[PDB]
Structure formats: structure tokens, C-alpha cells
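A lone chain, given as C-alpha cells: the form deposited without ligand ACO.
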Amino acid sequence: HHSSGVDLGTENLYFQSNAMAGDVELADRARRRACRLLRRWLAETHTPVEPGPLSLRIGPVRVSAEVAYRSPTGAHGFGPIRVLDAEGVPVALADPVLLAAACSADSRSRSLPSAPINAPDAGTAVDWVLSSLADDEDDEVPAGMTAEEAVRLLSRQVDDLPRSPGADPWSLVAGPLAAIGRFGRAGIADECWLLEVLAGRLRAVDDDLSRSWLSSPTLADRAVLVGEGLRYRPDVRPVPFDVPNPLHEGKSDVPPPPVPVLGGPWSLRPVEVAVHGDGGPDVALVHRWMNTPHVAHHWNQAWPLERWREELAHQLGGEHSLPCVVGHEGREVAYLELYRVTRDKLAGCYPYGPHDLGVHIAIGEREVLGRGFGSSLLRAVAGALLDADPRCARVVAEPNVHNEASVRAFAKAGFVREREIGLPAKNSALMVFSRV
């Protein structure tokens, strides 16, 4: 005699409580899924990760999470992933379809409107994740596995790599390296040690691929969230991209960027930072330029004077980046950074050569000058850099695919669009000016 409910006996409580028992596991399965999505998002945007708090803008939502275990292969261990409002208050847990929707919105926004990922029949990462909820969940690393059994499995996986011409180049990331990350995250063994072991198993094979996998600074992977060429029917059609090679050494002996000499109407000199006092007029020039809106809209470094003063000093003291003032017929008009790719975030994004050089550029005095000038300066700088370093194979740049005038300036200057790449705050057109 309950008309809005079911009359309860102990048997009803039993049935419904049995069902409630697996919900603990269901929540853990959603946790593992959201973590997998987040690891991919970080790899595919090449976002750096350190132990401690991670805070990210993903499409329409701010996401934050504790990085409890920072993995050398990207197999990080997270605390609860939370959505924050503008003031930093948690308003939701970041469950898998939520993340899939945020990532999809961010990614579709990152690529150009005419890109395949934005075609009307392309599907979305949400369709993909939705369609996958009933797939069999993959078995977890035995929490009690020994390091020796781990090495045992890792050797069997290395040796079962086809190593034959026409092999999948991403098989190394997808196989042994993914397994290393899972062992590390389970606390089974140190991933640095497991990578050394992996290096040994590769030096023995002496194949084509094994010598390559040990020397090259990047490896092939496959992207499932970021990439202008993605499709979900409703299953994902992944697209290739490059990631840092964990087996590759740290700092090379590559000298700092050279000071080129530009022809035509252009002049170039390094930024000067006075140790004494304000920092000088070069710090002020860059600071002024960097805070104008048309520059901040691309560089997003509208910093105070002193922050810029010590950025420029830090760069000048290093071997990575060389900040310069560019003149046009006697007027200081532009700022650029010439940088060695080998010490740059670009080093994780494409199979670079050790001397590769890149250019970031900001045109400061457009407000009173310049039309057609863009391509001319870019050409002058590219050629002059190849002249200054005969061991440099190419000059490169990564304008936002949405910065269409910049992309066109680079192409008219002779850079070729090699690919789209995913970066922490944008997708870029990778423009390459090659030596011939």
C-alpha cells in the first residue's frame, strides 16, 4: 500500500543493494577513462607536465588536477579531475564524456573551419566516447607484478616488433613505451630504468628501425583528439603526429643562434639589456610593442616592464633564443626571436635536424608602416640565417593556423606548410624554409 513507490521487503533491499555494489567499480572505470582522455590531450597538445597542480583551459571549461605521478612517457597518475568556475571554485567532476565534449570543442576550434575535423559529416570525439562505453575494459597491470616479470614482458614485446620495412612507425610508442608507462604508474618499476633496459633490447636487434629508434629525437604517434584531419565514424580515424623520443639524449653541443646579417632595407641587431637600473630602451621597446593589442593578440605576452626585462636577459644568457630589434630604413619596426629548435618546444613536434632554427616575429610599427613588407622581412631572415649557419638545414616557424596573414607571409617568402601541429595554446601551421 504505497502508490508512489514499491512496497519494500528484505528481498527488495537485497536485489537493489547487490546492484549498488558494482557502482563503485563503475565510478573507477569512468575515472580511468577520463584519465586516458586527459593523457592524450596533454600529449597531442604537447603540454608540459610537472608533479603538482595542473591547470588547463579546455574549450569552454577550466580543468584542474593534481599530478601525483609524473611519467616520463606521459602515463601520468592524477588525483580527481575537476572543472573550476572563473573564480576557481570546483563545480563538477570531469567525467569522460564531459572531457570528450570539452576536448572536441577545443580541438574543432583549434583547427581551421575548412578542416576535415570540422566537416558536417565528420562526427565528434563525443560520438566516439559514447559509442565505446560498452567496450571490454583492458586488464590492469597486476599490482603485485615483479620488476623481472616486467622486464620479461617488455623484452617479448620489443622482439615481437616487426622491425621489417613497411612496419608501423608508431608501434614503438603504442607497444613497449605504453607498457613502460603502465608499469611505472602501477608502481612496478622506475620508468627511467625500464627505458634503459629498452635501449639495450634495441641495441641488440641492430635492425633498421632499432638504430633509428635509438638516435632520432622524435617518434611517430597517433592522435585521437587534436588534428585537423580527424574523423569519428563514430569510431576514431587517428592521424599521425610526432612526440619526443624518451630514449634520446638531453642537451646537444649545438651553439646558440647566430646573428645573421639581412640584406635589402633591413637591419638586425641583438637586444641590449643594461644590468644597470631600468634595463634600457630595448627592454622598453619590446615591452611597449608586446603590450599593444595587435601584438598581444598573437604573442599573449602583455607583461609588465620588469617581467620582460628579465625574459630578455634570460634569453641572452642562454643558448636557446636570441631576441633582436629589426630596423627598416633607419626605423626600429619589429622584434624577433631566433631560436635553436633543439632547445625549444618545437623539438617535440617534428623530426628536426640538430641545427634547425626558428623565428618568432612581432611587427611593432605596423600602426604607421608596412604593407607587403611581411614576406620580404621573413625571406631576408630565412636566407640570412642559412648563410650564417652552414650546418643549419632549414628555418622554421609555427604561426597559428588562424593567423592567416602571417601564414601567407611565410608562404610567399618561400616557407612551405609541412603539417599542422598541436601546441599548448594553439594549433600551428609548421612553415619550413629548406636549404637546397
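Note that residue numbering begins at 1 and tracks the sequence as displayed.
- For the pair 66-74 and 368-376, the mean Cα B-factor is higher in 368-376.
- Mean CA B-factor, 207-215 versus 241-249: the higher value falls on 207-215.
- Looking only at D221, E337, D160, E228, the residue with the top Cα B factor in the deposited structure is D160.
- When the C-alpha B-factors of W303, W128, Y350, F183 are ranked from the entry, the top spot goes to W303.
- Ranked within its chain, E140 lands in the highest third, by CA B factor from the PDB record.
- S104: CA B factor in the lowest third of modelled residues in this chain (values from the PDB entry).
- When the modelled residues of the chain are ordered by C-alpha B-factor, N291 sits in the highest third.
- Looking at the C-alpha B-factors along this chain, the one for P80 belongs to the lowest third.
- Ranked by Cα temperature factor within the chain, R307 sits in the highest third according to the deposited record.
From this point on, the text means the form deposited with ligand ACO bound, which you will not see here.
- Only one of 192-200, 205-213, 361-369, 315-323 lies within 4.5 Å of ligand ACO in the deposited complex by heavy atoms, and it is 361-369.
- Taking the partner from elsewhere, every residue among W299, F373 and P399 has a non-hydrogen atom within 4.5 angstroms of ligand ACO in the deposited complex.
- Although the partner is absent here, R419 sits far enough away that none of its heavy atoms falls within 4.5 Å of ligand ACO in the deposited complex.
- In the deposited complex, ligand ACO sits within 4.5 Å of a heavy atom belonging to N403.
- Proximity of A409 to ligand ACO in the deposited complex: non-hydrogen atoms within 4.5 Å are present.
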